Every structure is written in C-alpha cells, then in structure tokens.
Amino acid sequence: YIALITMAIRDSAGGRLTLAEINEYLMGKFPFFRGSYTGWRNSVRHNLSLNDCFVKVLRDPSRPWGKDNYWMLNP
C-alpha cells in the first residue's frame, strides 16, 4: 500500500495532486482493491499524509461532478 501510494502521489511532482484521481486509478488499476472493501481510503489517505507529510485542502471550490479532492505536497 505504501509503494502503491508512492507511485500514486508520484502523479504530482512535489506541488499538488488530487487523491480523487489517485484513488480513481488506484481502483481502476488494482482489481483486488476494488474487490475487497472500498473503505481503505481512510487508512490510505491517512498513511498518505502520514507518509509523504504534505498539506491537503478540505474540499476546495473545484470539484467536477462533486466528489473530488485537492492535496498540496512539496519537498
């Protein structure tokens, strides 16, 4: 989950990213994940910030459809 998260966050470049898209492809890539329990987003996101150690935004005014998230990470 760590490595996966690493490559997931890698989507960015130490600037900003959307966990919405990250998780979007996460489940769209990992079948086992989409066939176990779609409730790890809590442990994933948790470790996400508890891993990289960046800053996120509490649902900013920029969510298409109404279910997105923007995170801001940097070195």
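Undergrad: Give a description of the overall build of the protein chain that names residues and reports values.
TA: Looking only at helices and strands, one finds three helices and two strands in the protein chain. Along the protein chain, helices and strands appear, N-terminal first, in the series α-α-α-β-β. Against the 2.2 N^0.38 benchmark of 11 Å for 75 residues, the protein chain shows a C-alpha radius of gyration of 12 Å, consistent with a compact globule. Its C-alpha atoms give the protein chain principal-axis dimensions of about 30 × 30 × 20 Å. Restricting to contacts in the protein chain with at least 6 residues of sequence separation, those with at least 24 account for 46%. Roughly 5400 Å² of accessible area belongs to the protein chain as shown, and the carbon and sulfur atoms make up 55% of that amount. With 10 positive and 6 negative side-chain charges, the protein chain shows a spacing of 5 Å between the two charge centroids.

Undergrad: Residues and numbers for unusual backbone geometry, please.
TA: Non-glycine residue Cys 53 carries a positive phi angle of around 90°. Residue position: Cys 53 is located in the loop between α3 (41-51) and β1 (55-56). Residue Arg 59 is not a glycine yet carries a positive backbone phi of 40°. Structurally, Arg 59 can be placed in the loop between β1 and β2 (71-72).

Undergrad: Talk me through the layout of surface pockets; I want residue IDs and the actual numbers.
TA: By volume, the largest pocket is sized at about 470 Å³. Every residue lining the largest pocket is counted, 16 residues in all, and those nearest its centre are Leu 19, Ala 20, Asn 23, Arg 41 and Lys 67. Put simply, the parts of the chain that give the lining of the largest pocket at least two residues each are α2 (19-29) and α3. Per-element accounting of the lining of the largest pocket gives the leading share, six residues, to α2. Partitioning the lining of the largest pocket into residue classes produces seven nonpolar, three polar and six charged.

Undergrad: A description of a nonpolar patch on the surface should follow, citing residues and the corresponding values.
TA: Taken together, the side chains of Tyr 1, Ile 2 and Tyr 37 present a nonpolar region at the surface, about 350 Å² in accessible area. Looking at the element boundaries, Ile 2 is found in helix α1 (residues 2-9).

How each quantity is defined
- Residues numbered from 1 in each chain as written, not as in the entry; some residues may be left out.
- Heavy atoms only, no water.
- Helix = DSSP H or I, 4+ residues; strand = E, 2+ residues; numbered from the N terminus.
- Rg over C-alpha atoms; globule rule 2.2 N^0.38 Å.
- Contact = heavy atoms within 4.5 Å.
- Areas by Shrake-Rupley, 256 points an atom, 1.4 Å probe, with all protein chains shown as cover.
- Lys, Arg positive; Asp, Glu negative; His and termini not counted.
- Charge placed at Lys NZ, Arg CZ, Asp CG, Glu CD.
- 1 Å grid on protein atoms, 1.4 Å probe; cavity = no way out; pocket = protein on both sides within 12 Å on 5 of 7 lines; lining within 4 Å.
- Points joined across faces, edges and corners; volume = space filled by probe spheres on them.
- Nonpolar A, V, L, I, M, F, W, Y, C, P; charged D, E, K, R; others polar.
- Patch = residues over 30% accessible without salt bridge, like charges linked within 9 Å, V, L, I, M, F, W, Y side chains within 5 Å.
- Salt bridge = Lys/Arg side-chain N within 4 Å of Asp/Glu carboxyl O.

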